[PDB]
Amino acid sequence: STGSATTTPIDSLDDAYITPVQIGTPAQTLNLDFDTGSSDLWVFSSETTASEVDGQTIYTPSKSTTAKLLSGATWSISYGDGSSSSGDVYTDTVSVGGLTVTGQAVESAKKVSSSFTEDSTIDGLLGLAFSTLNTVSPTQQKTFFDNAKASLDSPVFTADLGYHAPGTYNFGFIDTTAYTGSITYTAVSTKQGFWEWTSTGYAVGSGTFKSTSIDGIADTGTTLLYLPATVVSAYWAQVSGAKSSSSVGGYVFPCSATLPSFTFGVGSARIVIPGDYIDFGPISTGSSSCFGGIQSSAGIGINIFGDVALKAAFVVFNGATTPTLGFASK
């Protein structure tokens, strides 16, 4: 089997991407944030604290004839940006772009943190990291991909994120019309539960390529590109007026600037992020200071190839016995 669904930026900045997901019988369609950096499928629901719901579409398990409470199971998760959610668990039928999984763990939120409440466009998350990170207790649950894998034509899914435009998540096949040149595959470590790999280096604008190993994760659920301070300093040094602001929380630059591109290495191959991709607009409405899309990972503890990097490529998440990651220009 296969699946194919369109993913759409939630706002003019590509802060995140939502993908329609059918849950239950009859289908309840929720717009979920597909996240290759976590492994929980959780949704706003009829059980979510009323004061913490503000415009989201909710899952109502009582209205699904295929919903079953997973007796005694609970979940609780905290993300890298400080946000969090928790609740209990149902199993139900979940379909993504024509691909159907029965008995999927659907984690129902009783509580969500303010940032989730404040984002009316995201009805929940669908985790696509390795199931070892799943937070369901006392019986850990599998991801949608994990549950689908045996059925898929090929044990893969692909991320084709658009820049200020819709894109595509495919399951079970590689669309050879969706990229240019060839796909370059690189090794993955599953030891931290992430799609963790090692970039071969970087370049700033038309500058010479620096060969250097950068260990990081392919994470569709993170907006920006987080890299070592040395690398990020070298990028912003090429932008007149750019500086790191502790008060704003990262590198900012004059909105009148023209940003240089950023290249990262995948084996012998190169992915080029155009400068426009690195512009996240005024730090506050009407300000002439703009927030940078490449930031230091020094505070985080890991490097993150977030949407800024991934949307410049066609990305293959290969879930074979020995998983790998593939990158192509597009």
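Note that the rigid core is defined as the largest set of C-alphas that superpose within 1.5 Å between two forms. All residue numbers refer to positions in the sequence shown, first residue = 1.
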property: Rigid core superposition result in 9 other deposited structures of this protein, more deviant of 283 to 291, 24 to 32 by Cα; result: 283 to 291
property: Segment of higher mean CA temperature factor, 274 to 282 or 293 to 301; result: 293 to 301
property: Between the two ranges 229 to 237 and 187 to 195, the one averaging a larger CA B factor in the entry; result: 187 to 195
property: Deposited CA B-factor, highest of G306, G24, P20, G319; result: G319
property: Candidate set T158, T143, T117, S244 [ranked by C-alpha B-factor, highest]; result: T117
property: CA B-factor ranking of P166, expressed as a third of its chain; result: middle
property: Third of chain Cα B-factors occupied by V43; result: lowest
property: Among modelled residues of the same chain, the CA temperature factor third for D92; result: middle
property: Ranked against its chain, the third holding the CA B-factor of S1; result: highest
property: Among modelled residues of the same chain, the CA temperature factor third for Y202; result: lowest
